[PDB]
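A lone chain, given as structure tokens: the form deposited in one PDB entry.
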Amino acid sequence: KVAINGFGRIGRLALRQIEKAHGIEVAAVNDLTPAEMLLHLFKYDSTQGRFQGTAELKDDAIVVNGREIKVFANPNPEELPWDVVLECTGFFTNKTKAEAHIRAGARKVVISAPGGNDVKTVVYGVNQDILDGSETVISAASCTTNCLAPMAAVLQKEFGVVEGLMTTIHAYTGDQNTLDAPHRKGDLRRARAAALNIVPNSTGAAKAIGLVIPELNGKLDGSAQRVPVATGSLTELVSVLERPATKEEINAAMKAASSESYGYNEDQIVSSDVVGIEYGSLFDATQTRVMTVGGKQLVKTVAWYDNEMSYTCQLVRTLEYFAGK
């Protein structure tokens, strides 16, 4: 029995994915918007396509595949009439703010974002075992961490990482402006028209990797380039390894760790081929480069992800695992 705070991109897609899930179901959503607008945006999606199911608005609820889900329009989480709250508003990104859902009535909580260093942070398929169930607020990290972590863990376990720099070439998101206009958080680059620009912007995914993979703590950093695609992204990591490697060995080790969370690709795919996938990360063997200069090696590895759907499915896999405890 799950509940979704923030019926945004992540919140609405989560409901779509939970609709296919057993033993947990979305019982209620909360947003800042009337139900008619939430229902419309659930049914019709510019990048994820039409919802595959029935969705109609009843009195104070929406009916998805025959079942009723209550809808609320409150900007105060403490005043929510609440087992697990998917926190997807983007405004309660730490334990103190997310503790307000617990004092609204609900037991546990999964923050759909980095939740700080005082909350356990799980990338499903990498370190979900660190959870023992007694946690009240957990974090599923960022979209980029879920892409970076499986690739980086394999590099750490199989060769060891001295250090690495990341570049995520990222779809634009709603925290960028449609056209040039003042930006709420003072970011001079996110203020620019999103669909017209390559936009450099900072990201902490690589620096914070130690929360998911302790043995990479302090070894990675990087930054982002936002580009005019509405969803679909990739993460490059340029690293110095501790032992020699070939492109073939690197790719072979990637394939060995492939799972429902970590896909392995050998086709000449582009970003739109990645829209809607359910892997949290899709390794691209075609982009692996090991460059050797006088015995010294420098390595580039690349993984794709749908920053929307890839993260949503990871959010649901982690949500399911956390519930089984």
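Only the largest set of C-alpha atoms that superpose within 1.5 Å between the two forms is called the rigid core. All residue numbers refer to positions in the sequence shown, first residue = 1.
S.K.: For the step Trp82 to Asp83, what size class fits the number of deposited residues with no coordinates, none, 1 to 3, 4 to 9, or 10 or more?
M.R.: Gap size class: 4 to 9 residues without coordinates, per the record.
S.K.: Using only C-alpha atoms and the B-factors in the entry, which stretch averages higher, 37 to 45 or 62 to 70?
M.R.: Looking at the record's C-alpha B-factors, the answer is 62 to 70.
S.K.: So, looking at the entry's B-factor column for Cα atoms, which has the higher mean, 135 to 143 or 171 to 179?
M.R.: Looking at the recorded C-alpha B-factors, 135 to 143 comes out higher on average.
S.K.: According to the Cα B-factor stored in this entry, which of the following is highest: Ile102, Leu234, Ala206, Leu237?
M.R.: The record points to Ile102.
S.K.: Between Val275, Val290, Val29, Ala257, which one tops the list for C-alpha B-factor in the PDB entry?
M.R.: If I rank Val275, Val290, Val29, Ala257 by C-alpha B-factor, first place goes to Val29.
S.K.: For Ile250, return the chain-relative third of its C-alpha B-factor as stated in the PDB record: lowest, middle or highest.
M.R.: According to the entry, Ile250 has a C-alpha B-factor in the chain's middle third.
S.K.: For the chain shown, is the CA B-factor of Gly125 in the lowest, middle or highest third of its modelled residues?
M.R.: Middle third - that is where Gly125 ends up once the chain's C-alpha B-factors are sorted.
S.K.: Using only modelled residues of the chain, where does the Cα B factor of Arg107 rank: lowest third, middle third or highest third?
M.R.: Its C-alpha B-factor belongs to the highest third of this chain's values.
S.K.: Considering every modelled residue of the chain and its Cα B-factor in the PDB entry, is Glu158 in the lowest, middle or highest third?
M.R.: Its C-alpha B-factor, which the entry lists for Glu158, ranks in the highest third among residues of this chain.
S.K.: Lowest, middle or highest third: which one holds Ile10 when the chain's residues are ordered by CA B-factor from the entry?
M.R.: For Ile10, whose C-alpha B-factor we compare with every modelled residue in the chain, the answer is the middle third.
The protein also exists as the form deposited in another entry; that form is not presented, and the subsequent description refers to it.
S.K.: Tell me, with the core superposed, which single residue in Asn251, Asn127, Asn197, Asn94 has its C-alpha moved by at least 2 Å between the shown form and the other one.
M.R.: Among the listed residues, the one whose C-alpha moves by 2 Å or more is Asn197.
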